[PDB]
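Asks: Mind folding the following:
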Amino acid sequence: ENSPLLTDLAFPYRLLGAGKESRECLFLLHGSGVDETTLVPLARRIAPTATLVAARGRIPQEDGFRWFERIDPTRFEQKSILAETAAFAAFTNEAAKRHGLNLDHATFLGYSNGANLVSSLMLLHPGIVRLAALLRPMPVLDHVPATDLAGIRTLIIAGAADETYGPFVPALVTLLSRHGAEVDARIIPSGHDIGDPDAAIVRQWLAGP
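Replies: Numbers count the residues shown, from 1 in each chain. I have put the structure below:
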(Lines give C-alpha, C1' and ligand atoms only; values in the text may rest on other atoms or scores of the structure.)
Protein backbone atom coordinates (compact mmCIF):
# COMPACT_ATOMS: atom_id res chain seq x y z
CA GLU A 1 0.00 0.00 0.00
CA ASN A 2 1.56 3.26 -1.16
CA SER A 3 -0.67 5.48 0.97
CA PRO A 4 -1.59 3.80 4.26
CA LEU A 5 -3.36 5.79 7.00
CA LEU A 6 -0.63 7.60 8.95
CA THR A 7 -1.56 8.16 12.56
CA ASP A 8 1.33 9.77 14.47
CA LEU A 9 0.34 13.41 13.79
CA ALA A 10 -2.69 15.20 15.32
CA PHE A 11 -5.05 14.08 12.51
CA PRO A 12 -4.97 10.78 10.68
CA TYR A 13 -4.07 11.17 6.99
CA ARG A 14 -2.97 9.51 3.80
CA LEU A 15 -0.28 11.00 1.53
CA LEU A 16 -0.82 10.44 -2.20
CA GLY A 17 1.19 11.43 -5.30
CA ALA A 18 4.22 12.63 -3.30
CA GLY A 19 6.63 11.15 -5.87
CA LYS A 20 4.92 12.73 -8.89
CA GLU A 21 6.24 15.76 -10.71
CA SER A 22 4.03 18.66 -9.48
CA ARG A 23 5.10 21.03 -6.69
CA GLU A 24 1.40 21.63 -6.01
CA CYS A 25 -0.34 20.16 -3.01
CA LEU A 26 -4.02 19.73 -2.10
CA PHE A 27 -5.25 19.29 1.46
CA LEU A 28 -8.56 17.40 1.27
CA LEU A 29 -11.26 17.64 3.99
CA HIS A 30 -14.17 15.26 3.57
CA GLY A 31 -17.88 15.70 4.32
CA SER A 32 -19.41 14.53 7.58
CA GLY A 33 -20.13 10.84 8.06
CA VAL A 34 -17.44 9.55 5.67
CA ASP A 35 -13.63 9.29 5.66
CA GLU A 36 -10.44 10.62 4.05
CA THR A 37 -10.68 8.35 0.99
CA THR A 38 -13.82 10.08 -0.30
CA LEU A 39 -12.38 13.19 -2.02
CA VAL A 40 -9.40 11.37 -3.57
CA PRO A 41 -11.16 10.54 -6.88
CA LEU A 42 -12.29 14.18 -7.28
CA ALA A 43 -8.79 15.44 -6.33
CA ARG A 44 -7.19 13.23 -8.98
CA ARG A 45 -9.55 14.56 -11.65
CA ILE A 46 -8.58 18.11 -10.56
CA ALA A 47 -4.80 17.65 -10.26
CA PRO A 48 -3.61 14.14 -11.18
CA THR A 49 0.04 14.78 -10.21
CA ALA A 50 -0.46 16.93 -7.10
CA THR A 51 0.58 15.71 -3.69
CA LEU A 52 -2.62 14.98 -1.80
CA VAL A 53 -2.95 15.19 2.01
CA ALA A 54 -6.19 13.30 2.56
CA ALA A 55 -6.95 14.14 6.21
CA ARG A 56 -9.49 12.50 8.54
CA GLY A 57 -11.75 14.27 11.05
CA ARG A 58 -11.24 13.46 14.72
CA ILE A 59 -14.90 13.02 15.69
CA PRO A 60 -16.67 9.74 14.85
CA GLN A 61 -19.99 9.92 13.03
CA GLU A 62 -21.53 6.54 12.34
CA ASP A 63 -19.06 4.67 10.06
CA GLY A 64 -17.13 7.84 9.24
CA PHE A 65 -15.98 11.09 10.77
CA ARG A 66 -16.59 14.80 11.09
CA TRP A 67 -14.49 17.89 11.75
CA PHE A 68 -16.32 19.49 14.69
CA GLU A 69 -19.38 18.81 16.81
CA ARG A 70 -22.86 19.63 15.62
CA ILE A 71 -25.67 20.79 17.92
CA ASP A 72 -28.48 20.48 15.32
CA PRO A 73 -28.44 20.91 11.52
CA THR A 74 -26.99 24.35 10.70
CA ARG A 75 -25.78 24.87 14.31
CA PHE A 76 -22.36 23.85 15.52
CA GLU A 77 -20.53 23.75 18.83
CA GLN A 78 -18.37 26.85 18.79
CA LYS A 79 -15.84 25.50 21.33
CA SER A 80 -15.45 22.47 19.03
CA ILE A 81 -14.84 24.58 15.91
CA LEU A 82 -12.21 26.55 17.79
CA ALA A 83 -10.41 23.47 19.20
CA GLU A 84 -10.41 21.44 15.98
CA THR A 85 -9.44 24.38 13.81
CA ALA A 86 -6.50 25.10 16.21
CA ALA A 87 -5.48 21.45 16.10
CA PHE A 88 -5.71 21.39 12.30
CA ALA A 89 -3.65 24.59 11.93
CA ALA A 90 -0.85 22.95 13.98
CA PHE A 91 -1.26 19.75 11.92
CA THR A 92 -0.84 21.61 8.58
CA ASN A 93 2.49 22.91 9.74
CA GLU A 94 3.59 19.45 11.07
CA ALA A 95 2.50 17.74 7.85
CA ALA A 96 4.21 20.42 5.70
CA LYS A 97 7.51 20.10 7.60
CA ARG A 98 7.42 16.31 7.52
CA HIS A 99 6.76 15.96 3.76
CA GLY A 100 8.34 19.18 2.42
CA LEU A 101 4.97 20.65 1.43
CA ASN A 102 5.09 24.14 -0.04
CA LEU A 103 2.19 26.00 1.54
CA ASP A 104 2.79 28.76 -1.08
CA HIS A 105 1.64 26.12 -3.56
CA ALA A 106 -1.14 24.50 -1.54
CA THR A 107 -4.95 24.53 -1.94
CA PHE A 108 -7.34 23.59 0.81
CA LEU A 109 -10.28 21.65 -0.73
CA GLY A 110 -13.23 20.93 1.61
CA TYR A 111 -16.66 19.44 1.12
CA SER A 112 -19.54 20.59 3.29
CA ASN A 113 -18.46 20.12 6.97
CA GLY A 114 -14.87 19.93 5.63
CA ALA A 115 -15.34 23.22 3.69
CA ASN A 116 -16.56 24.78 6.93
CA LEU A 117 -13.39 23.66 8.74
CA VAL A 118 -11.37 25.34 5.94
CA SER A 119 -13.30 28.66 6.10
CA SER A 120 -13.01 28.64 9.91
CA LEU A 121 -9.28 27.99 9.59
CA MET A 122 -8.93 31.07 7.36
CA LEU A 123 -10.78 33.29 9.84
CA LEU A 124 -9.28 31.95 13.05
CA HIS A 125 -5.68 31.11 11.98
CA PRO A 126 -4.49 33.51 9.34
CA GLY A 127 -1.24 32.96 7.50
CA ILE A 128 -1.83 29.30 6.62
CA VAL A 129 -4.39 29.24 3.78
CA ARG A 130 -3.61 30.99 0.45
CA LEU A 131 -6.08 29.11 -1.79
CA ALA A 132 -9.36 27.50 -0.71
CA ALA A 133 -11.99 25.57 -2.68
CA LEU A 134 -15.19 25.32 -0.66
CA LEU A 135 -17.79 22.85 -1.98
CA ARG A 136 -21.32 23.35 -0.56
CA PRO A 137 -20.20 25.52 2.41
CA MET A 138 -22.11 27.69 4.91
CA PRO A 139 -21.22 30.11 7.70
CA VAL A 140 -20.62 28.22 10.97
CA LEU A 141 -18.87 30.69 13.31
CA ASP A 142 -21.04 32.83 15.52
CA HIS A 143 -18.32 35.38 16.27
CA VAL A 144 -15.74 36.14 13.59
CA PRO A 145 -12.54 37.93 14.46
CA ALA A 146 -11.48 40.98 12.38
CA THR A 147 -9.21 38.79 10.28
CA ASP A 148 -7.68 40.26 7.15
CA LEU A 149 -7.97 37.74 4.30
CA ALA A 150 -6.41 40.09 1.74
CA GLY A 151 -4.59 38.07 -0.86
CA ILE A 152 -6.53 34.83 -0.32
CA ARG A 153 -8.40 33.42 -3.31
CA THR A 154 -11.48 31.43 -2.36
CA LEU A 155 -13.66 29.42 -4.72
CA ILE A 156 -17.22 28.54 -3.54
CA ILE A 157 -19.44 26.08 -5.40
CA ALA A 158 -23.10 26.09 -4.39
CA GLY A 159 -25.69 23.69 -5.62
CA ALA A 160 -28.91 25.17 -7.17
CA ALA A 161 -30.74 22.01 -6.11
CA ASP A 162 -29.18 22.09 -2.59
CA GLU A 163 -32.49 22.91 -0.93
CA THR A 164 -31.25 22.80 2.67
CA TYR A 165 -27.90 24.62 2.42
CA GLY A 166 -28.08 26.72 -0.79
CA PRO A 167 -29.69 29.74 0.98
CA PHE A 168 -26.68 30.36 3.26
CA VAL A 169 -24.17 30.83 0.45
CA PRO A 170 -24.78 34.60 -0.15
CA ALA A 171 -23.98 35.28 3.55
CA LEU A 172 -20.64 33.41 3.21
CA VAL A 173 -19.74 35.35 0.04
CA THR A 174 -20.48 38.63 1.82
CA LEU A 175 -18.49 37.57 4.90
CA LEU A 176 -15.33 36.43 3.09
CA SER A 177 -15.48 39.41 0.69
CA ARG A 178 -15.84 41.87 3.57
CA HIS A 179 -12.73 40.37 5.20
CA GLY A 180 -10.81 40.93 2.01
CA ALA A 181 -10.76 37.52 0.31
CA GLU A 182 -10.98 37.37 -3.48
CA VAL A 183 -14.13 35.28 -3.85
CA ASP A 184 -15.16 33.37 -6.94
CA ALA A 185 -18.61 31.89 -6.20
CA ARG A 186 -20.55 29.60 -8.57
CA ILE A 187 -24.01 28.05 -8.56
CA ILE A 188 -24.27 24.81 -10.57
CA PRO A 189 -27.42 22.74 -11.27
CA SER A 190 -26.30 20.05 -8.79
CA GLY A 191 -27.70 19.43 -5.35
CA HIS A 192 -25.66 18.86 -2.20
CA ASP A 193 -23.73 15.99 -3.85
CA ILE A 194 -20.45 16.75 -5.57
CA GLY A 195 -18.98 15.35 -8.73
CA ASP A 196 -17.46 16.04 -12.12
CA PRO A 197 -18.99 19.51 -12.54
CA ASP A 198 -17.20 20.54 -9.33
CA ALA A 199 -13.88 19.13 -10.53
CA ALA A 200 -14.17 20.94 -13.85
CA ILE A 201 -14.72 24.27 -12.07
CA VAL A 202 -11.91 23.79 -9.50
CA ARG A 203 -9.53 22.98 -12.40
CA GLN A 204 -10.66 26.06 -14.35
CA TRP A 205 -10.22 28.23 -11.23
CA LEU A 206 -6.75 26.81 -10.52
CA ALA A 207 -5.72 27.47 -14.16
CA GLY A 208 -6.60 31.14 -13.57
CA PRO A 209 -7.88 33.85 -15.96
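Asks: Can you tell me what sits against stretch 87-106?
Replies: Residues outside stretch 87-106 that contact it (Cβ atoms under 8 Å, 6 or more residues apart in numbering) are 9-11, 13, 15, 18, 23-27, 51, 53, 55, 58, 67, 117, 121, 124-125, 128, 130-131. Using the backbone N, CA and C atoms, a C-beta is placed for each residue, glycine as well.
Asks: now the residues you listed: which count as buried?
Replies: 10-11, 13, 15, 24-27, 51, 53, 55, 58, 67, 117, 121, 124-125, 128, 131 (16 or more other Cβ atoms under 10 Å).
Asks: what about residue 89, which SS state?
Replies: helix (DSSP: H, G, I helix; E, B strand; the rest coil).
Asks: Around it, how many other residues sit close by?
Replies: By the measure other Cβ atoms under 10 Å, the count of residues near residue 89 is 19.
Asks: Please report how far it lies from residue 10.
Replies: 10 Å (Cβ to Cβ, to the nearest Å).
Asks: Give the full set of residues in contact with residue 200.
Replies: Applying Cβ under 8 Å, 6+ apart, no residues qualify as near residue 200.
Asks: for it, helix, strand, or coil?
Replies: Under three-state DSSP, residue 200 comes out as helix.
Asks: quick one: the strands in this structure?
Replies: For the chain, the strands defined by DSSP state E cover 13-16, 25-29, 51-55, 59-61, 64-66, 70-72, 75-76, 106-111, 131-135, 153-159, 182-188.
Asks: mind putting those in TSV, distance to residue 205 included?
Replies: Conversion of those to TSV gives the following (distance: least, Cβ to Cβ, whole Å):
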stretch	distance to residue 205
strand 13-16	21
strand 25-29	13
strand 51-55	18
strand 59-61	29
strand 64-66	26
strand 70-72	29
strand 75-76	27
strand 106-111	9
strand 131-135	7
strand 153-159	5
strand 182-188	6
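Asks: Any idea which of those gets closest to residue 206?
Replies: Of all those, strand 106-111 sits nearest to residue 206, with 7.0 Å by Cβ to Cβ.
Asks: mind checking how far the closest one is from the chain centre?
Replies: In terms of Cα atoms, centre = their mean, to the nearest Å, the centre of strand 106-111 is set 4 Å apart from its chain centre.
Asks: Over to stretch 131-138?
Replies: Using Cα atoms, centre = their mean, the offset of stretch 131-138 from its chain centre is 6 Å.
Asks: Nearest the middle, which residue of this protein would you pick?
Replies: Geometric centre of the chain, nearest residue: residue 110, 2.5 Å, by Cα atoms, centre = their mean.
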